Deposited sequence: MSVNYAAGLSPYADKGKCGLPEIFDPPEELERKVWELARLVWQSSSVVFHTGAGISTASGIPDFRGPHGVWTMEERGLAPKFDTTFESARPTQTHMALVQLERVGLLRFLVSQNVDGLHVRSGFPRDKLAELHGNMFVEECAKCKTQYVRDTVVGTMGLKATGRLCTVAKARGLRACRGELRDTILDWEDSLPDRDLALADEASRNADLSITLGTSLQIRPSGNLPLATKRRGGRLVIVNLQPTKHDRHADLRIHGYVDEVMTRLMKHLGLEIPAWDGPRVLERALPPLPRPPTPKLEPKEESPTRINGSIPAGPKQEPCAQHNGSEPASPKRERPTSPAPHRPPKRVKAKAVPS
């Protein structure tokens, strides 16, 4: 019923307000929610509200699964994000592990060679890196992007309130990282209409449309959601 949903979303606004180290986890539904190209799709309200929750300090760190890269497109500060499956906008240097950002999507997938040879110049007048650039799409069930996993695990081992939006926790280790927030004695909240394997484990369970919940949550925090002012590219908060 809508009155119970509203009371549970009020209590979620209290949990989010009161918690000192909020970690978001997101899955493909929230970015799909505009009716989903990866280049042409504008970010959904949920993403923009996450940016606004970040702006007020109601977000410690962000994890996502969404291969769309709309978190990257929204210029959510890259340093506070993990996109555990890889992103159609992001490639990496093999030889020296620097990263990049681009106007075009990468297009290839599976950690294959994208036809660019890096750009990092060097003192002492040595060659530029010349190292092969490689796509970030993992294919399936390898070791994740190493830093993105370490940070996501670390933040989970260090968070008092995880919140999981448009998420099925079923992909390991990804959705299991939210059990490290729980295991240390932190709270857990899950928001989905779909089933999930760890569904029993949370402090609060919501069933409802995630953009409606997040729009309500923002209204209860007294915050306007920022409309997207075209694409964003902030490496850093």
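Q: Please give the gaps, as residue ranges numbered from 1 in the deposited sequence, where no C-alpha is present.
A: According to the record, the gaps fall at 1-25, 62-84, 286-355.
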